[PDB]
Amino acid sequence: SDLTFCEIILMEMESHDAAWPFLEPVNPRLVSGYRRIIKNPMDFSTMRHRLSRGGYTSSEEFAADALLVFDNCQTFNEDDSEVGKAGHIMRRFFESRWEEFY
């Protein structure tokens, strides 16, 4: 039941217009300094894969990964960059959906 809500939230994030920076892992070969600055990368497909194999024991673990996506986004990208702007939309979306489930 805890995992049901995560499937709904993850499905909605995956299909969101603003999800485009977060659908796949950042390729550090293409992004100078990413490996240096971001210690714990995370993205929606990594969450999908972990959800698929049953690798989340609780919804709190799922939310930790979601928040990590947006913490990494704000650590690496300017708030007015295209990726930063998309990350703020996605972060607010996640927080608001998470709250109306718990």
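Residue numbers run from 1 along the displayed sequence.
Taking only CA atoms, the mean B-factor in the PDB entry is higher for 53-61 than for the other of 53-61 and 71-79.
The question of which stretch, 83-91 or 8-16, has the higher mean Cα B factor is settled in favour of 8-16.
Remark: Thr46 belongs to the lowest third of its chain, ranked by C-alpha B-factor as recorded.
Sort the chain's modelled residues by C-alpha temperature factor and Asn40 lands in the lowest third, per the entry.
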